[PDB]
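Dumped protein09.pdb below, it's PDB, C-alpha atoms (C1' of nucleotides):
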ATOM      1  CA  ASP A 171     -54.305  40.664  50.915
ATOM      2  CA  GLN A 172     -57.264  39.696  48.592
ATOM      3  CA  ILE A 173     -60.384  39.783  50.823
ATOM      4  CA  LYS A 174     -61.924  43.108  51.953
ATOM      5  CA  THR A 175     -64.770  43.967  54.410
ATOM      6  CA  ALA A 176     -67.735  46.248  53.556
ATOM      7  CA  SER A 177     -71.456  46.949  54.282
ATOM      8  CA  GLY A 178     -74.462  47.876  52.082
ATOM      9  CA  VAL A 179     -76.667  46.087  49.504
ATOM     10  CA  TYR A 180     -75.028  43.090  47.792
ATOM     11  CA  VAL A 181     -75.887  40.191  45.447
ATOM     12  CA  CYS A 182     -74.566  37.083  47.171
ATOM     13  CA  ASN A 183     -74.523  34.798  44.096
ATOM     14  CA  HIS A 184     -73.498  31.713  46.262
ATOM     15  CA  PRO A 185     -76.125  29.585  47.905
ATOM     16  CA  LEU A 186     -77.290  30.659  51.344
ATOM     17  CA  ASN A 187     -79.482  29.025  54.041
ATOM     18  CA  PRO A 188     -82.281  31.284  55.396
ATOM     19  CA  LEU A 189     -82.317  29.530  58.817
ATOM     20  CA  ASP A 190     -78.723  30.680  59.522
ATOM     21  CA  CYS A 191     -79.441  34.398  58.766
ATOM     22  CA  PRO A 192     -78.887  36.693  61.832
ATOM     23  CA  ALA A 193     -80.219  40.106  62.707
ATOM     24  CA  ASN A 194     -78.000  42.771  61.042
ATOM     25  CA  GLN A 195     -78.618  40.866  57.813
ATOM     26  CA  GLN A 196     -81.876  41.176  55.886
ATOM     27  CA  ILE A 197     -82.849  39.377  52.676
ATOM     28  CA  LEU A 198     -84.298  41.764  50.064
ATOM     29  CA  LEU A 199     -84.657  39.400  47.089
ATOM     30  CA  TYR A 200     -84.130  35.659  46.832
ATOM     31  CA  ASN A 201     -84.480  32.796  44.357
ATOM     32  CA  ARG A 202     -85.051  29.446  46.056
ATOM     33  CA  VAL A 203     -84.233  25.760  45.754
ATOM     34  CA  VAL A 204     -86.910  23.686  47.448
ATOM     35  CA  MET A 205     -85.125  20.937  49.315
ATOM     36  CA  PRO A 206     -85.253  18.895  52.579
ATOM     37  CA  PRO A 207     -84.661  19.579  55.444
ATOM     38  CA  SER A 208     -85.192  23.272  54.548
ATOM     39  CA  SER A 209     -85.030  25.286  51.301
ATOM     40  CA  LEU A 210     -81.908  27.259  50.337
ATOM     41  CA  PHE A 211     -81.479  30.415  48.309
ATOM     42  CA  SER A 212     -79.495  29.846  45.057
ATOM     43  CA  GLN A 213     -79.234  33.616  44.501
ATOM     44  CA  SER A 214     -80.104  36.475  46.877
ATOM     45  CA  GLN A 215     -79.795  40.232  47.325
ATOM     46  CA  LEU A 216     -79.023  41.110  50.971
ATOM     47  CA  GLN A 217     -78.610  44.271  53.051
ATOM     48  CA  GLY A 218     -75.891  44.010  55.718
ATOM     49  CA  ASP A 219     -72.162  43.289  56.154
ATOM     50  CA  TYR A 220     -70.017  41.244  53.703
ATOM     51  CA  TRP A 221     -66.626  40.158  52.567
ATOM     52  CA  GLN A 222     -65.656  40.696  48.894
ATOM     53  CA  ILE A 223     -63.448  37.560  48.824
ATOM     54  CA  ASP A 224     -62.528  37.954  45.153
ATOM     55  CA  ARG A 225     -63.547  40.762  42.702
ATOM     56  CA  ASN A 226     -66.735  38.894  41.629
ATOM     57  CA  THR A 227     -68.237  37.243  44.771
ATOM     58  CA  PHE A 228     -69.622  38.669  48.034
ATOM     59  CA  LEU A 229     -70.103  36.382  51.110
ATOM     60  CA  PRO A 230     -72.491  37.128  53.893
ATOM     61  CA  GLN A 231     -70.738  38.013  57.188
ATOM     62  CA  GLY A 232     -71.910  36.708  60.601
ATOM     63  CA  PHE A 233     -73.969  33.653  59.651
ATOM     64  CA  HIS A 234     -74.254  30.853  62.301
ATOM     65  CA  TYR A 235     -76.315  27.654  62.581
ATOM     66  CA  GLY A 236     -79.978  28.318  63.405
ATOM     67  CA  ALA A 237     -79.544  32.108  63.967
ATOM     68  CA  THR A 238     -83.244  32.768  63.062
ATOM     69  CA  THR A 239     -84.326  30.730  66.163
TER      70      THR A 239
ATOM     71  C1'   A B   1     -80.121  11.700  63.414
ATOM     72  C1'   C B   2     -75.171  14.267  56.693
ATOM     73  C1'   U B   3     -82.121  15.867  52.098
ATOM     74  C1'   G B   4     -79.632  10.843  57.745
ATOM     75  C1'   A B   5     -79.244   5.256  59.955
ATOM     76  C1'   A B   6     -79.308  -0.691  56.684
ATOM     77  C1'   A B   7     -79.708  -1.172  50.926
ATOM     78  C1'   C B   8     -77.258  -7.340  44.826
ATOM     79  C1'   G B   9     -81.727  -5.012  38.595
ATOM     80  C1'   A B  10     -81.921 -10.098  40.745
ATOM     81  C1'   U B  11     -83.296 -15.151  39.487
ATOM     82  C1'   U B  12     -83.055 -18.936  34.929
ATOM     83  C1'   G B  13     -81.313 -19.787  30.063
ATOM     84  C1'   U B  14     -76.264 -24.242  24.885
ATOM     85  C1'   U B  15     -75.638 -19.159  19.090
ATOM     86  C1'   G B  16     -78.810 -23.250  18.373
ATOM     87  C1'   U B  17     -80.623 -26.817  14.576
ATOM     88  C1'   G B  18     -78.787 -29.666   9.175
ATOM     89  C1'   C B  19     -74.698 -29.891   5.944
ATOM     90  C1'   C B  20     -69.592 -35.265   2.026
ATOM     91  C1'   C B  21     -64.006 -29.960   0.069
ATOM     92  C1'   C B  22     -67.453 -32.138  -3.353
ATOM     93  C1'   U B  23     -67.312 -33.559  -8.914
ATOM     94  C1'   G B  24     -63.432 -35.493 -13.209
ATOM     95  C1'   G B  25     -58.430 -37.241 -14.156
ATOM     96  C1'   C B  26     -53.968 -43.579 -17.290
ATOM     97  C1'   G B  27     -47.296 -41.377 -14.139
ATOM     98  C1'   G B  28     -48.184 -41.001 -19.413
ATOM     99  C1'   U B  29     -45.179 -41.327 -23.862
ATOM    100  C1'   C B  30     -40.498 -43.751 -26.836
ATOM    101  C1'   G B  31     -36.662 -47.466 -25.889
ATOM    102  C1'   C B  32     -33.341 -54.777 -28.988
ATOM    103  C1'   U B  33     -29.520 -56.339 -22.543
ATOM    104  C1'   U B  34     -27.027 -54.553 -27.061
ATOM    105  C1'   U B  35     -21.977 -54.938 -29.415
ATOM    106  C1'   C B  36     -17.359 -59.370 -30.416
ATOM    107  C1'   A B  37     -16.203 -64.407 -29.585
ATOM    108  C1'   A B  38     -13.817 -71.455 -33.354
ATOM    109  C1'   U B  39     -15.229 -76.336 -27.909
ATOM    110  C1'   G B  40     -10.241 -75.039 -29.253
ATOM    111  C1'   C B  41      -5.110 -77.098 -29.283
ATOM    112  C1'   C B  42      -2.338 -83.096 -30.357
ATOM    113  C1'   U B  43      -3.448 -88.355 -30.973
TER     114        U B  43
END
As structure tokens, how would this structure be written, given the file I've shared?
Amino acid sequence: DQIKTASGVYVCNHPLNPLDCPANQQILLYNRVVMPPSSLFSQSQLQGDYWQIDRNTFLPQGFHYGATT
RNA sequence: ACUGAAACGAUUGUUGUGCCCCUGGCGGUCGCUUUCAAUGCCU
């Protein structure tokens, strides 16, 4: 009742791991946190599919472990 | 292998050493064991 599904350009505003990013997502802008074993994004603008899970955050859809490999 | 696996800010150490509750101090001052009494009664 409070999530919805959409597609377009979105500011993620949660952290997000670039290694887990699939095709049908692309990263347009990112700000990064340099960290072992691999750096995260702390903020990113993406193009692709998402879930607006409350009226002020947008979560990337379709992420899975190591999807860039 | 959770940027992972194990992971003692630890060991030793006296709040110590010296110190007089001390000095001065009249239980003092006043006070009648007092008041009355037949060695007596007779030979």
> Of the residues A:207, A:199, A:190, A:171, which is the one nearest to residue 230 (chain A), using only C-alpha atoms?
Replying inline: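 Closest to residue 230 (chain A), using only C-alpha atoms: A:190.
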> What is the distance, in Å and to one decimal place, between CA of residue 174 (chain A) and CA of residue 202 (chain A)?
Replying inline: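 Going from CA of residue 174 (chain A) over to CA of residue 202 (chain A), I get 27.5 Å.
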>> For a quick test of understanding: name the residues of chain A lying within 12 Å of chain B when counting all atoms listed in the file, and present them as a list in words.
In response: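 Within 12 Å of chain B on chain A, we get residues 203, 204, 205, 206, 207, 208, 209 and 210 of chain A.
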>> Please enumerate the residues selected by the PyMOL selection byres ((chain A and resi 191) around 8) when evaluated against the supplied file, formatted as a PyMOL selection string.
In response: chain A and resi 187-190+192-193+195-196+233-234+236-238
>> Report, in Å with one decimal, the straight-line distance from CA of residue 184 (chain A) to CA of residue 172 (chain A).
In response: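 Between CA of residue 184 (chain A) and CA of residue 172 (chain A) the gap works out to 18.2 Å.
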> Applied to this file, what does the PyMOL selection byres ((chain A and resi 173) around 10) return in terms of residues, put as number ranges by chain?
Replying inline: A: 171-172, 174-175, 221-225, 228
Atoms to include: C-alpha atoms. Write the selected residues as a PDB file, in the coordinates of the input.
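Just written: part.pdb:
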ATOM      1  CA  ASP A 171     -54.305  40.664  50.915  1.00  0.00           C
ATOM      2  CA  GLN A 172     -57.264  39.696  48.592  1.00  0.00           C
ATOM      3  CA  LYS A 174     -61.924  43.108  51.953  1.00  0.00           C
ATOM      4  CA  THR A 175     -64.770  43.967  54.410  1.00  0.00           C
ATOM      5  CA  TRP A 221     -66.626  40.158  52.567  1.00  0.00           C
ATOM      6  CA  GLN A 222     -65.656  40.696  48.894  1.00  0.00           C
ATOM      7  CA  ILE A 223     -63.448  37.560  48.824  1.00  0.00           C
ATOM      8  CA  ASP A 224     -62.528  37.954  45.153  1.00  0.00           C
ATOM      9  CA  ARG A 225     -63.547  40.762  42.702  1.00  0.00           C
ATOM     10  CA  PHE A 228     -69.622  38.669  48.034  1.00  0.00           C
TER      11      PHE A 228
END
>> Just the number, please: distance in Å from CA of residue 214 (chain A) to CA of residue 176 (chain A), one decimal.
In response: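 Result for CA of residue 214 (chain A) versus CA of residue 176 (chain A): 17.1 Å, one decimal.
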>> Taking 2 positions as the minimum chain separation for residues in the same chain, which residues sit within 8 Å of residue 181 (chain A) when counting all atoms listed in the file? Answer as JSON, numbers by chain.
In response: {"A": [179, 183, 213, 214, 215, 216, 228]}
I'd like the box whose edges run along x, y and z of the file and which contains every listed atom of region 212-224 of chain A, padded by 6 Å per side; could you state its centre and edge lengths in Å, one decimal, as lines of an AutoDock Vina configuration file?
center_x = -71.3
center_y = 37.1
center_z = 50.3
size_x = 29.6
size_y = 26.4
size_z = 23.7
> Which residue out of A:186, A:178, A:201, A:194 has the minimum interatomic distance to residue 229 (chain A) when only C-alpha atoms are used?
Replying inline: A:186
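Proximity to residue 177 (chain A) was assessed for A:226, A:198, A:211, A:231 counting all atoms listed in the file; the smallest distance is recorded for A:231.
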